[PDB]
Undergrad: 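First the structure, which I've put down as structure tokens, then a few questions once you've had a look.
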Amino acid sequence: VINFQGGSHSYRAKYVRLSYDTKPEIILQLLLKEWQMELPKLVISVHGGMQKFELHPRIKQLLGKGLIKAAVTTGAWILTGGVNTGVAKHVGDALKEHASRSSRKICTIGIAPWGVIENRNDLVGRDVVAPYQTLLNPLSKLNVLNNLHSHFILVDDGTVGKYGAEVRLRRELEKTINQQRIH
Amino acid sequence: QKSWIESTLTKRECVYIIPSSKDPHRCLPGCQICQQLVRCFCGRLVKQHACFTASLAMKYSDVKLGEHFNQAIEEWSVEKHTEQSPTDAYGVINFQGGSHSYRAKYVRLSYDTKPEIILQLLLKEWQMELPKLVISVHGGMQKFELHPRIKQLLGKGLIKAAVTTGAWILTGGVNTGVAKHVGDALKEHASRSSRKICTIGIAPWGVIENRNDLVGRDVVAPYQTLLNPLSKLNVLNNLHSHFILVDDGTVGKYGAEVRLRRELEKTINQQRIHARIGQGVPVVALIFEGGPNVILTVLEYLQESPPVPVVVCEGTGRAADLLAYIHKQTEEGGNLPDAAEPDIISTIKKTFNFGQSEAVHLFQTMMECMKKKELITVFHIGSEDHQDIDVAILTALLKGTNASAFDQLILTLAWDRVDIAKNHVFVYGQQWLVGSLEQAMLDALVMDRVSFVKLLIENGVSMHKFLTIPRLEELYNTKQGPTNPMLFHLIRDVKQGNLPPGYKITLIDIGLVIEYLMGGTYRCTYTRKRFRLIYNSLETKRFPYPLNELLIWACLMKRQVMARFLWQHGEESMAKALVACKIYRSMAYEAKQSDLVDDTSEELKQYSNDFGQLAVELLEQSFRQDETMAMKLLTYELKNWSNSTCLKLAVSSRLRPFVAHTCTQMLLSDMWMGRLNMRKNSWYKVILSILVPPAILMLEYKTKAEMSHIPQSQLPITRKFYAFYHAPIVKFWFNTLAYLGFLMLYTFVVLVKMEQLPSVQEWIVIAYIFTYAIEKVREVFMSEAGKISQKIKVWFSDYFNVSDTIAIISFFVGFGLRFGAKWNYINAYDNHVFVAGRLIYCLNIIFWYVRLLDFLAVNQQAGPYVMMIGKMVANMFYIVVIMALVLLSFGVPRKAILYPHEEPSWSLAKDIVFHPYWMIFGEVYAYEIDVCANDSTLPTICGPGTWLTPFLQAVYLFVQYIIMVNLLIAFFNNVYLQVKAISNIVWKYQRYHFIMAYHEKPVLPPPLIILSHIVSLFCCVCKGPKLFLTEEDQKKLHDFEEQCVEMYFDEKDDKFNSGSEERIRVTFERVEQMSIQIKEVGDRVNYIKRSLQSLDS
Amino acid sequence: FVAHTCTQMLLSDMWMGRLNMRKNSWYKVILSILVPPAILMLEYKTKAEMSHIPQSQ
Ligand SMILES: CCCCCCCC/C=C/CCCCCCCC(=O)O[C@@H](COC(=O)CCCCCCCCCCCCCCC)COP(=O)([O-])OCC[N+](C)(C)C
Ligand SMILES: CCCCCCCC/C=C/CCCCCCCC(=O)O[C@@H](COC(=O)CCCCCCCCCCCCCCC)COP(=O)([O-])OCC[N+](C)(C)C
Ligand SMILES: CCCCCCCC/C=C/CCCCCCCC(=O)O[C@@H](COC(=O)CCCCCCCCCCCCCCC)COP(=O)([O-])OCC[N+](C)(C)C
Ligand SMILES: CCCCCCCC/C=C/CCCCCCCC(=O)O[C@@H](COC(=O)CCCCCCCCCCCCCCC)COP(=O)([O-])OCC[N+](C)(C)C
Ligand SMILES: CCCCCCCC/C=C\CCCCCCCC(=O)O[C@@H](COC(=O)CCCCCCCCCCCCCCC)COP(=O)([O-])OCC[N+](C)(C)C
Ligand SMILES: CCCCCCCC/C=C\CCCCCCCC(=O)O[C@@H](COC(=O)CCCCCCCCCCCCCCC)COP(=O)([O-])OCC[N+](C)(C)C
Ligand SMILES: CCCCCCCC/C=C\CCCCCCCC(=O)O[C@@H](COC(=O)CCCCCCCCCCCCCCC)COP(=O)([O-])OCC[N+](C)(C)C
Ligand SMILES: CCCCCCCC/C=C\CCCCCCCC(=O)O[C@@H](COC(=O)CCCCCCCCCCCCCCC)COP(=O)([O-])OCC[N+](C)(C)C
Ligand SMILES: CCCCCCCC/C=C\CCCCCCCC(=O)O[C@@H](COC(=O)CCCCCCCCCCCCCCC)COP(=O)([O-])OCC[N+](C)(C)C
Ligand SMILES: CCCCCCCC/C=C\CCCCCCCC(=O)O[C@@H](COC(=O)CCCCCCCCCCCCCCC)COP(=O)([O-])OCC[N+](C)(C)C
Ligand SMILES: C[C@@H]1CC[C@@]2(OC1)O[C@H]1C[C@H]3[C@@H]4CC=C5C[C@@H](OCCC(CO)CO)CC[C@]5(C)[C@H]4CC[C@]3(C)[C@H]1[C@@H]2C
Ligand SMILES: Oc1ccc2c3c1O[C@H]1c4oc5ccccc5c4C[C@@]4(O)[C@@H](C2)N(CC2CC2)CC[C@]314
Ligand SMILES: Oc1ccc2c3c1O[C@H]1c4oc5ccccc5c4C[C@@]4(O)[C@@H](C2)N(CC2CC2)CC[C@]314
């Protein structure tokens, strides 16, 4: 469980390091059995630019009102990269504003590659509550996990400093959920 | 003398009368104008000197030579030619005419007063508090303008800085300068509103308008505050609180104050800001429209050691705006890299008429001021930096003074400002040496600064590694926050003796206090041999659950806001609430049982009920979320809490709403029924099946699928019998039927004639009580694990166990006499050892009838009535004492009047109580009242004075039968109404006690229980609702609990925010803002229409 | 006004005088009236304590 020390009650988020070749059913077992997540009624997969970008103030509070409602009125799993260098940073803005859940949980998983995560070391440990600095330079683009997500599946390909290990496991998860009975 | 102001301070006077700076004056009257318009350097005309010698300078000639050489004209000073003397002007100004006619202390003292004497005056004499900040406001000393927006935008912020910190603001005082506008900040925003600001104004005495009025020993001098609003005259601003009017022995010259003000700044910055905090009181300068000299005063700070930050405002286009201009021009290092000097030299002269020369030299000052642009700060109102000048003045102490991260943090702590610490201290760039955040945590805990403790945990402080045995003892032994006086007395009670005077509290002694307060068989960790063999020695000197230990700390120290905060953090949240309730409950009882009359017990009782209600509300959250996990919370063994359960802790506190909660009752029902599963009519199905064992097979039994969860849990023919007889409902009725049979026999024994040898009935009766006694001995020793002394105290805390103990002991005294009596006589009542034994039986049987009330209290309707009766009898003592005095007040005179020939006898005792007692119940003894009447049954008693006793009895019955009996009835009626109001709650709490009682009992009742005894203790030699979780499910349950704590606060916040009061107030505050925003439209709409009229042409 | 804690604290200091028992004072006083040496086993206020007592004479 991450302890995002410094972020607004120091939020918590489960995490794990697993290979790109994990069978899609094992993933589904992790999300639902181990993490006790509910099978959702929707999956929103948020793609976007993987490089620090600007967003006008009106549209900011006009997006974070709506994506939240869709995931709060339905129990939807939002999916991101997790790292703040991309769109995940602004999914967090939607969560910070509007008091994301307010006793009404959103599950936003961030599937990131392990070989890029800033402070890879801290997370190492058997079932450890690893704390995590969430106040690095606000401009410097560094692959730093967004402190407002709830879950992280950090995809390992045995490497450092290359993305692209996550592209399948994310899509495979989408197939795996879309083959589950909604009720 | 006994007057420190007068004895210590000093007033100068100019003893010496050189002419007015040169030759006296022309004007043919000559020697005559020397009286009219010829002054001294002193500043005073001849008659204003008024000194004892200067008046000898009014008669014949002055104190000098014949023609007075010119190196004596220069020789005048305020050091050699002024005589020091005790002061005259001091007291309290009465600013008559100003808005309640404000008050402000004042004093006239010399420029050479030692800086410590000043500090003594401010703090000792004037009883001022040593501040946590000093704002020194410099500015233009000449009447100036200030735009309306910036007016109410400055006075909101400088006030907050001095109100959120207890800062001394410093000014000149006189309205000719910046002090006038400091007053505007004070007038608007209701400066203090019960939250004092101390704004001293250090002015020179020789310029004060109406100098005279203030003259006087400790005088309340009034002071006109309504002179011409334009005319610039040195008139003290009526909104300041204190004035130190600096004397140099002169009139009409400033500049005597420049040192004493700065010397005061040094003197305060060398004072500890707080007991633990080892810094100096910070100082900062503020600049509002400064004149020429204000520029140098800036530099005068920037050099000195330690430096002083300087927050320069904007507006008005002088030294304030000017420094703001160049501060944007010079580079980061501090030298204008471009070639733009003549353009800014041009700007200097537009504000300061010099022309070229002083303009550059004025510029030469600033380029040095632009070297140290880290100790300078510009608060520009347009683009709104810093969001506030409050934070700006405060933040200036944080940046530029090269202060450690620790020193930055701890100063915010002294101020009690997290908003500044969060945003400006906790940020990328700080380095945080090894143990600085931890030492900060200790200061925040000790100082009861909850908001920082929150911040420190968020921003990287582990309480696991922080909290050690030494640091925890430092927390119990401190006096720098809210304390509990009781705790020292509780330690003195559990340490039977007294203590050396500087005794520092030990954790073992805390452990002994906690055991006292928790009671029963609670045993704290601190008293255990492991912790002792560690503690005596002092990874091992840390604690696994620090937030448990600090919750105990905060509650024993009566630090409730801190205790509520530490509760919501960490694991074991429901247990901590229940422990806190018990601790405060027991302290409340100790306060109530003390000889002190105060509000401590009601305060501590309230705190107990606060945590008690948290535990109930948490249980309801959990129950609505998951019933099975809610029931597990009630039952999991609390390793950290003497291996108890949350249900047992709640029962220890008489916390009935928790025990009466549905979750607890569902748990108790499953225990009571066991593997039986009848939903209706269970009482007679059980009875008929005890009496007809084959009917056991016709009953409904739970499947193992059902008897699988049962979060307190520990079909062929044979297992149905086992299931039946081991069910607590069955053990109840089986014990109840045997008890009733016991009483019926023992009733027979005492009513029927007793022979030599016991009848078979009497033997059965003896066997019951003997084996019932063995059972009670075993219930004590196989009770909750603890010290035998604790086990004993607990069991003798129930009424029926005390009664059964007396009942058992008295029976065998009675049996011994009945059985071991030798019969010298055939009659058997001639032998008085035998009779004594029989009479004990006849009295002992009362105990056994009254013990049926306990069986009957198992019913939902009867049970509360039984509790009523107990509460009636327990609390009626003092009414009955009064009834007894009324009884004797009648009995004694009646006997004395009617029987005047008696010798001493114990019959006198009987006679004075006997008939008066039966009168309580309406027996008037009608034919005994008037003993001299014809129908009297006591005719021999007729005698002198016997006519008095009917009057006495008339009064007695009125008071006793009518007043006193009905007072007792009125008391009983209140008991009825109190218990009836909570009747269902009462029985549900009783239900815990009897379900637990019969769960632990054996399957045979007390005649045949001996087999259950004789068979059980073989199986131990030869070979209750507590869930023992593994560490993995233990962690899931904690995760469940923390989720429900979060849901508790969310619903609490939502309920609060939906309330009408919260909606009226947010509306109130929000409508206020809009009224400015519309005036901000109503203002700007002009700028449109008038600008359109400009483009109309 | 009379029932206010300040008044009651004042009255308690008068009632106890220089005695300083917080618990169980009634029988400690009785047994010490009847057994005068038990007077020495009792707790007494220091002069530091018997110094403020804003009604003390
Ligand atoms: C010898 C015969 C007379 C005595 C009667 C003995 C028999 C038994 C009856 C006893 C009734 C008295 C009980 C109170 C006294 C005990 C201690 C006590 O509580 O003291 C109190 C004052 O006490 C008084 O004010 C008592 C004054 C004497 C009354 C004498 C006549 C009573 C009997 C009338 C004649 C008819 C009945 C008797 C038949 C003749 C002070 O108590 P505390 O501890 O400071 O306060 C406790 C609360 N706290 C924890 C918050 C502090
Ligand atoms: C919600 C409510 C639910 C229902 C509740 C129902 C409760 C159920 C309870 C039920 C049991 C009630 C029975 C007890 C009273 C019996 C007394 C009696 O009648 O004695 C008579 C009967 O003869 C005997 O008693 C002789 C036997 C001697 C031993 C007693 C055992 C009795 C059975 C009990 C077994 C142990 C049970 C207890 C174990 C601890 C003897 O008297 P007599 O003959 O007239 O005397 C001769 C006189 N002569 C000398 C002049 C000639
Ligand atoms: C936590 C537990 C709670 C409950 C409490 C548990 C403990 C309860 C404890 C109970 C015991 C209480 C004390 C009783 C003392 C008897 C006094 C007496 O009468 O003496 C007399 C008989 O003395 C004898 O010794 C002969 C009688 C036989 C012994 C019967 C009593 C002992 C059994 C007890 C079984 C207890 C079972 C306990 C099982 C655990 C002496 O005088 P006498 O001989 O009559 O004089 C004759 C004179 N003449 C010849 C001139 C006429
Ligand atoms: C409340 C105001 C009153 C004064 C207060 C002082 C207390 C006064 C205490 C007095 C008792 C002390 C003196 C004993 C003298 C007895 C002699 C006697 O004749 O006894 C008689 C009764 O009595 C007995 O047989 C024994 C005593 C029992 C009654 C006393 C119990 C104590 C009161 C309980 C409360 C505690 C008391 C403490 C204070 C509340 C026997 O004779 P009889 O019954 O007439 O006849 C029998 C058959 N015969 C004719 C063949 C014989
Ligand atoms: C056969 C003829 C000869 C004999 C004739 C004898 C004459 C008659 C003699 C006696 C009558 C019997 C009753 C005695 C007093 C009751 C105590 C009491 O008030 O308890 C109550 C409070 O107080 C306590 O619990 C502690 C007070 C008692 C001290 C412990 C006993 C010590 C030994 C003995 C010294 C004590 C005095 C007795 C000594 C004589 C308990 O209340 P509760 O029930 O816990 O209420 C809550 C229940 N709940 C937890 C389930 C929610
Ligand atoms: C905690 C335990 C304490 C008690 C333990 C046991 C202690 C031991 C107890 C008693 C032993 C008594 C043995 C005999 C004593 C010598 C006198 C004698 O022999 O004869 C006399 C006995 O006179 C009596 O009064 C006997 C009864 C006394 C008991 C009084 C009640 C106490 C128990 C209450 C319950 C308390 C329990 C409370 C529960 C907490 C007279 O009888 P006689 O000589 O045959 O006749 C001569 C007269 N004649 C010529 C006319 C025929
Ligand atoms: C032979 C004659 C027939 C037999 C009689 C009939 C049988 C007797 C009947 C009833 C007996 C009592 C029933 C008990 C019910 C349970 C109570 C319980 O659990 O604890 C209770 C104690 O309860 C007691 O203290 C019980 C009474 C003491 C014995 C006195 C009996 C009456 C005699 C004297 C009268 C005679 C006076 C005049 C004399 C001339 C606790 O209640 P509490 O402490 O109030 O609670 C406060 C709660 N608080 C913490 C919030 C403050
Ligand atoms: C503050 C006020 C102070 C009081 C001032 C008033 C003073 C009193 C005024 C009036 C009372 C009436 C006079 C007394 C009776 C006269 C008869 C007589 O002398 O003999 C009587 C006795 O012998 C006496 O001497 C009785 C004296 C009474 C004492 C004082 C009573 C005070 C009353 C309390 C004041 C409460 C006031 C009301 C309050 C509501 C009767 O004798 P006998 O019965 O004939 O003899 C039997 C013969 N045989 C043996 C053969 C059978
Ligand atoms: C009063 C009226 C009855 C008269 C009948 C004749 C007398 C018969 C009475 C008693 C003797 C027979 C009992 C068995 C021996 C004791 C064993 C025991 O305690 O438990 C054993 C198992 O438990 C069982 O096997 C259940 C025994 C209780 C039910 C017996 C019903 C008979 C009485 C009513 C119905 C009869 C119908 C007639 C009634 C209307 C083992 O012990 P435990 O409890 O599991 O655990 C304890 C610790 N240990 C495991 C280490 C040991
Ligand atoms: C009833 C039972 C006792 C019988 C015992 C034998 C008889 C002894 C009894 C009385 C005679 C002795 C008393 C001293 C003389 C009077 C002086 C006085 O009043 O105060 C003096 C100082 O104060 C004292 O000296 C303290 C006196 C109180 C203590 C005496 C306790 C003895 C009785 C209980 C213990 C004994 C154990 C036995 C009891 C269990 C001065 O006066 P004041 O008060 O300061 O102020 C008044 C104004 N003045 C200052 C201007 C003067
Ligand atoms: C506050 C209350 C004030 C009232 C009161 O309680 C307290 O004050 C008590 C004083 C008691 C008397 C003291 C002395 C004796 C002598 C004794 O004589 C031996 C017997 C004899 C037999 O023949 C020897 O041979 C008999 C008893 C008697 C008169 C007492 C009776 C009860 C009295 C009146 C009590 C009364 C109820
Ligand atoms: O009020 C209750 C409401 C519902 C339930 C209970 C209550 O109380 C219990 C109780 O009491 C009884 C008394 C007599 C006969 C049967 C029972 C029972 C039954 C029961 O066992 C049962 C359901 N579940 C287990 C089942 C797995 C869910 C646990 C709790 C339980
Ligand atoms: O309720 C009170 C709460 C706290 C205090 C008191 C109260 O009442 C007083 C009272 O009563 C007692 C009765 C029996 C034993 C001791 C005392 C006392 C003690 C005491 O003296 C005491 C503290 N301070 C002086 C001390 C300087 C603070 C004054 C007031 C005082």
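Chain identifiers are assigned alphabetically (A, B, ...) following the order of the sequence lines, protein sequences preceding nucleic acid strands; residue numbering begins at 1 within each chain. Read the numbers this way: they start at 1 and go in the same order the structure lists the ligands and their atoms. The analysis underlying the following values was restricted to heavy atoms, covering all of them including side chains, and did not include hydrogens, waters or symmetry mates.
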Undergrad: Are B/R991 and B/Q665 linked by a side-chain donor-acceptor pair shorter than 3.5 Å?
TA: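 Indeed, the side chains of B/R991 and B/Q665 share at least one donor-acceptor pair under 3.5 Å.
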Undergrad: Any idea which atoms of ligand 9 are less than 4.0 Å away from a heavy-atom of B/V1003?
TA: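 Taking each heavy atom of B/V1003 in turn, ligand 9 has 19 (O), 27 (C), 28 (C) under 4.0 Å.
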Undergrad: Hey, what's the ring geometry for B/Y829 with B/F834, parallel, tilted or perpendicular (30° and 60° as the breaks)?
TA: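 Because their plane-to-plane angle is over 60°, the rings of B/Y829 and B/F834 count as perpendicular.
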Undergrad: Just verifying a value: how many Å separate B/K648 NZ and B/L634 CG, rounded to the nearest 0.5 Å?
TA: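 Rounded to the nearest 0.5 Å, the NZ-CG separation comes out at 10.5 Å.
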Undergrad: Given a heavy-atom cut-off of 4.0 Å, could you list the residues near ligand 4 in chain and number order?
TA: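 B/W906, B/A909, B/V913.
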Undergrad: Look at the side chain of B/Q756 and the backbone N and O of B/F819, then say whether any donor-acceptor pair between them is shorter than 3.5 Å.
TA: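 Not at all, since once roles are kept as given, no pair shorter than 3.5 Å links the two residues.
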Undergrad: Which of the numbered atoms in ligand 9 are under 4.0 angstrom from any heavy atom belonging to B/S1012?
TA: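 Those qualifying, in numeric order: 19 (O).
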Undergrad: Relative to the heavy atoms of B/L1008, which atoms of ligand 9 are at a distance of less than 4.0 Å?
TA: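 So the answer, numbered in order with elements, is 1 (C), 3 (C), 7 (C), 9 (C).
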Undergrad: Output yes when a side-chain donor or acceptor of B/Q593 lies under 3.5 Å from a complementary backbone atom of C/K23, and no otherwise.
TA: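 It does not hold such a pair.
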Undergrad: Should B/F1018 be listed as contacting ligand 9, given a heavy-atom distance under 4.0 Å as the test?
TA: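 False for this residue.
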Undergrad: On the ring face of B/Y841, is B/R838 found with NZ or CZ under 6.0 Å from the centre and within 45° of the axis?
TA: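 Verdict for B/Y841: no cation-pi partner in B/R838.
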Undergrad: Go through ligand 9 atom by atom and flag the ones less than 4.0 Å from a non-hydrogen atom of B/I690.
TA: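 Checking each atom against B/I690, I get 39 (C), 40 (C).
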Undergrad: Check ligand 9 against B/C1019 and write out every atom of the ligand that is under 4.0 Å from a heavy-atom position of the residue.
TA: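 Result: 51 (C), 52 (C).
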Undergrad: Work out whether the distance between some heavy atom of B/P693 and some atom of ligand 9 is less than 4.0 Å.
TA: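 The answer is yes, since B/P693 has a heavy atom less than 4.0 Å from ligand 9.
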Undergrad: Geometry only, no angles: is B/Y725 polar-contacting ligand 9 at N/O separations under 3.5 Å?
TA: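 Between B/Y725 and ligand 9, no N or O pair is found under 3.5 Å apart.
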Undergrad: Is it true that the side chains of B/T747 and B/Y849 contain a donor and an acceptor less than 3.5 Å apart?
TA: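 Side-chain D/A pair, B/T747 to B/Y849: present.
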Undergrad: Heavy-atom contacts under 4.0 Å between B/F721 and ligand 9: side chain, backbone, both, or neither?
TA: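 Near ligand 9, B/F721 shows nothing, with every heavy atom at 4.0 Å or more.
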Undergrad: Has B/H726 got more than 12 heavy atoms of other residues, nucleotides or ligands less than 6.0 Å from its NE2?
TA: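 Yes - once you tally the heavy atoms of other residues, nucleotides and ligands closer than 6.0 Å, there are more than 12.
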Undergrad: Check for me whether the distance between the ring centres of B/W918 and B/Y925 falls short of 6.0 Å.
TA: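 No: the rings miss the under 6.0 Å criterion.
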Undergrad: May I ask you to check whether B/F921 and B/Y917 place their ring centres under 6.0 Å from each other?
TA: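 Yes, the ring centres sit under 6.0 Å apart.
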Undergrad: Could you tell me whether the side chain of B/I764 reaches within less than 4.5 Å of the side chain of B/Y746, counting heavy atoms only?
TA: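 No, every pair of side-chain atoms sits at 4.5 Å or beyond.
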Undergrad: Is the contact between B/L1004 and ligand 9 made by the side chain, the backbone, both, or neither, using heavy atoms and a 4.0 Å cut-off?
TA: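 It is the side chain that touches ligand 9; the backbone stays farther off.
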Undergrad: Can you name the atoms of ligand 9, numbered from 1 with element, that are less than 4.0 Å from a heavy atom of B/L1011?
TA: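 Those atoms are 10 (C), 11 (C).
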Undergrad: May I ask you to list the atoms of ligand 9 that are less than 4.0 angstrom from any heavy atom of B/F734?
TA: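 Those qualifying, in numeric order: 33 (C), 34 (C).
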Undergrad: Ignoring hydrogens and angles, tell me if any N or O in the side chain of B/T635 forms a donor-acceptor pair with the backbone of B/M631 under 3.5 Å.
TA: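 Present.
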Undergrad: Using the six-membered ring of B/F914, assess whether NZ or CZ of B/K910 lies under 6.0 Å from its centre and within 45 degrees of the ring axis.
TA: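 Pair B/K910/B/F914 counts as cation-pi.
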Undergrad: At a 4.0 Å cut-off, with the gap strictly under it, does some heavy atom of B/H726 reach an atom of ligand 9?
TA: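 So B/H726 counts as touching ligand 9.
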Undergrad: Enumerate the protein residues lying less than 4.0 Å from ligand 8, judged by heavy-atom distances, in chain and residue-number order.
TA: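 Correct list: B/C942, B/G943, B/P944, B/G945, B/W947.
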Undergrad: Can the ring centres of B/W733 and B/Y998 be said to be less than 6.0 Å apart?
TA: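 Between B/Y998 and B/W733, which both carry aromatic rings, the centre distance is not below 6.0 Å.
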Undergrad: Is the closest side-chain heavy-atom distance between B/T946 and B/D930 below 4.5 Å?
TA: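 Answer no - side chains too far apart.
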Undergrad: Going by atom types only, do B/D804 and B/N801 share a side-chain donor-acceptor pair under 3.5 Å?
TA: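 There is no such pair between these side chains.
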Undergrad: Ligand 9 and B/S1016, any nitrogen or oxygen pair closer than 3.5 angstrom?
TA: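 Min N/O separation from ligand 9 is not below 3.5 Å for B/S1016.
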